[PDB]
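Here you get one chain, nothing else, as structure tokens; it is the form deposited in one PDB entry.
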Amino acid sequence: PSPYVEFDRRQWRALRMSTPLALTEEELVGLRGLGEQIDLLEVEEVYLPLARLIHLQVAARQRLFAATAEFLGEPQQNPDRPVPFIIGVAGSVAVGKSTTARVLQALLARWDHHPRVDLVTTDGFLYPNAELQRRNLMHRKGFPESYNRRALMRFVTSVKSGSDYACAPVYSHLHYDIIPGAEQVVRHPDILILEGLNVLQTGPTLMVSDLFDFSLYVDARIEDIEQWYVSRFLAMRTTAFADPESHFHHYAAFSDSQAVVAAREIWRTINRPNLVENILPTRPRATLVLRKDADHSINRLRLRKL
């Protein structure tokens, strides 16, 4: 006996969920438009039921806000609407956190209950390269201490406060650095998705996940993520690495075989250990774990018992 309800591919797919849960052609066009060669069959058979389950929790939290406001005879110091409902998205580099997150942002905005949905990545809260250097942490980008934890906690707290205005900094992956002067403004959305390696990480004191209303961990066999990491790396030889401004131009194209080999070594030396030491242990902390098989198709969902 476990604290999770477990579903295989078959039962999950088996949309007994008696909304004829099917997207329209307008929407499917829109969803192509996040093109990580996105498989619209998974969006409709898997991510749509998931947006639905999460929808039930957001709507529940919204009536609990109403009932509670009514009970407290709605006094001045109580807010006028619910604060943003915050979803955390965690997993290894290259498992597809960002794609999952973008898809949920899109699906969840479909309901009139919560149409304004924001997405922030914790990437924006890494220390600038210059600062990482000052601390001797360059070889540790994406490990817990390479993030300005205070700023990230201030950011999320302010969002949970129901501020009209919360600012995050912006990270360019192209430049391998924080963009000086850039800011993403978040203005009391109904939902805010927060995606990052570290979102479910444990801290001595108050931590970001203490402000999450729901959380998701994207999982896969460690070997399978290695393969996805390697492939994205070779593929980047065009798209990004090719660009002159790319911090990683000194790789831009140096033999497929030698790119495989370097990718494997960056994986084994940085990203894989960050996974074992720091990310995987946060897995049992998620409300929902999604396990994908070799070709990114979901084969197992574990959902915390309500």
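Note that the rigid core is defined as the largest set of C-alphas that superpose within 1.5 Å between two forms. When you see a residue number, it is the position in the sequence shown, counting from 1.
**Q** State which stretch shows the higher mean Cα B factor in the entry: 117 to 125 or 170 to 178.
**A** Higher of the two, by average CA B-factor, is 170 to 178.
**Q** Mean CA B-factor: is it higher for 146 to 154 or for 161 to 169?
**A** It is 161 to 169.
**Q** Specify which of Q62, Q258, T269, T68 carries the largest Cα B factor in the deposited PDB entry.
**A** If I rank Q62, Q258, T269, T68 by C-alpha B-factor, first place goes to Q258.
**Q** Among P49, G33, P281, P273, which residue carries the highest C-alpha B-factor recorded in the PDB entry?
**A** In the PDB entry, the greatest C-alpha B-factor among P49, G33, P281, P273 is found at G33.
**Q** Taking the values exactly as deposited, rank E74 by C-alpha B-factor within its chain and report the matching third: lowest, middle or highest.
**A** Top third by C-alpha B-factor.
**Q** Among the chain's modelled residues, which third holds the C-alpha B-factor of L40?
**A** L40: CA B-factor falls in the middle third of its chain.
**Q** Sorting by Cα B-factor within the chain, modelled residues only, which third would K292 end up in: lowest, middle or highest?
**A** Its C-alpha B-factor, which the entry lists for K292, ranks in the middle third among residues of this chain.
**Q** According to the PDB entry, is the CA B factor of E183 in the bottom, middle or top third of its chain, that is, lowest, middle or highest?
**A** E183: CA B-factor falls in the highest third of its chain.
**Q** Rank-wise, by C-alpha B-factor, drop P82 into the lowest, middle or highest third of its chain.
**A** Middle third.
Just so you know, the form deposited in another entry exists too; it's not on screen, but the next bit is about it.
**Q** Establish whether a shift of 2 Å or more occurs at the C-alpha of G30 between this form and the one not shown, with the two forms superposed on the rigid core.
**A** True for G30: a C-alpha shift of 2 Å or more.
**Q** Quick check: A294 between this form and the one not shown - does its CA shift reach 2 Å or more after fitting the rigid core?
**A** Stays below the 2 Å threshold, so no.
**Q** After a core superposition, would you say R13 shifts its C-alpha by at least 2 Å between this form and the one not shown?
**A** Comparing the forms between this form and the one not shown, which are aligned on their rigid core, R13 does shift its C-alpha by 2 Å or more.
**Q** Is the CA-CA spacing of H114 and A286 tighter or wider in that other deposited form than here, given a 3 Å or more change?
**A** Here the pair is closer than in that other deposited form; there, farther apart.
**Q** Compared with this form, is the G35-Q105 Cα separation smaller or larger in that other deposited form, the difference being 3 Å or more?
**A** Relative to the shown form, the pair is farther apart.
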